[PDB]
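Below: the structure, in structure tokens.
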Ligand SMILES: [Cl-]
Ligand SMILES: [Zn+2]
């Protein structure tokens with residue numbers, strides 16, 4: 004199966020998913036001195052007050068919290084986006100050490116981890133149809149650095165013991181994703197792709213400039229998860245990140261000066 008190891012990792016993905024070598028792949032390095040301030044972007048609207056979380060799952064490549072996306076309950080609008088994008092799930096990418104783990108980089112800087120909140124465009129009616137459109141998805145990306153604990157992450161951290169191995173899931177209702185956001189909504193944006201197979205070139209990326217800090221204990225708990233299924237040789241779920249891909253003929257825009 005695809006993964007992050009020497010024999011199944013990102014350099015192999017193109018064989019089953021040739022779009023891996025496509026024209027708008029993610030992640031990318033964000034060169035902050037080349038990104039263009041765009042005074043015409045709108046402020047981004049993040050409306051998570053009615054969010055309805057459902058489950059938490061170890062999918063063998065990350066852990067993910069899934070939401071009810073049957074109505075406009077937790078949505079992203081504005082910024083570079085036209086229309087309304089519904090939150091389907093969030094997940095993380097992280098490292099074996101604190102100096103790597105993020106997918107996007109900022110002037111080549113890697114963060115300890117990166118949070119992806121994955122949304123789909125309601127004009128396409130469901131996520132599977134949205135996945136086939138060039139404007140079907142929007143991913144809000146948030147960097148994590150190690151420092152003080154993030155209180156709004158702690159309920160996630162405390163359930164990870166119950167989903168150690170691939171295919172395990174647990175109830176995860178009443179989780180508020182507002183507790184994962186930094187103060188500022190200043191962002192970079194560019195057109196890109198999902199960073200895991202199928203690597204679909206349908207994502208408007210919105211990457212926040214301000215990281216959140218998480219504690220060393222919080223990230224240690226991420227690193228106790230397993231890639232493997234129950235009973236298989238233990239292979240810690242660490243370094244589940246795709247490295248930066250070629251920018252090609254894209255422009256990164258900034259919402260701030
Ligand atoms: Cl394998
Ligand atoms: Zn991701």
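In the entry's author numbering, the protein residues as written are 4 to 125, 127 to 261.
The C-beta atom is built at its ideal place from N, Cα and C for all residues, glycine as well.
Taking the CA atoms as reference points, residue 241 sits about 10 Å from residue 61. A Cβ-Cβ distance of about 6 Å is found for the pair residue 95 and residue 116, placing them in contact under the 8 Å criterion. Per the DSSP secondary-structure output, residue 78 pairs in a beta bridge with 50, 89. For residue 133, the enclosing alpha helix (DSSP H) stretches over residues 131 to 134. Shown here, residue 158 sits in a helix according to DSSP, grouped into three states. Exposure of residue 53 is indicated by the presence of fewer than 16 other C-beta atoms within 10 angstroms of its C-beta. Counted as a single uninterrupted DSSP element, the stretch harbouring residue 188 is not any beta strand (DSSP E), since DSSP gives it neither H nor E.
In this structure, residue 57 sits away from residue 135, with a CB-CB distance that is not shorter than 9 Å. Within a 10 Å sphere around the beta-carbon of residue 194 sit 16 or more other beta-carbons, which makes this residue buried.
Inter-residue distance for residue 203 and residue 66 is about 18 Å (C-alpha atoms, whole angstroms). With contact defined as three or more Cβ pairs closer than 8 Å, the stretch 85 to 99 and the stretch 227 to 246 are in contact. Just so you know, the alpha carbons of residue 258 and residue 110 end up roughly 14 Å apart.
Rounded to whole angstroms, the Cβ separation of residue 39 and residue 55 is 37 Å, and the two are not in contact under 8 Å.
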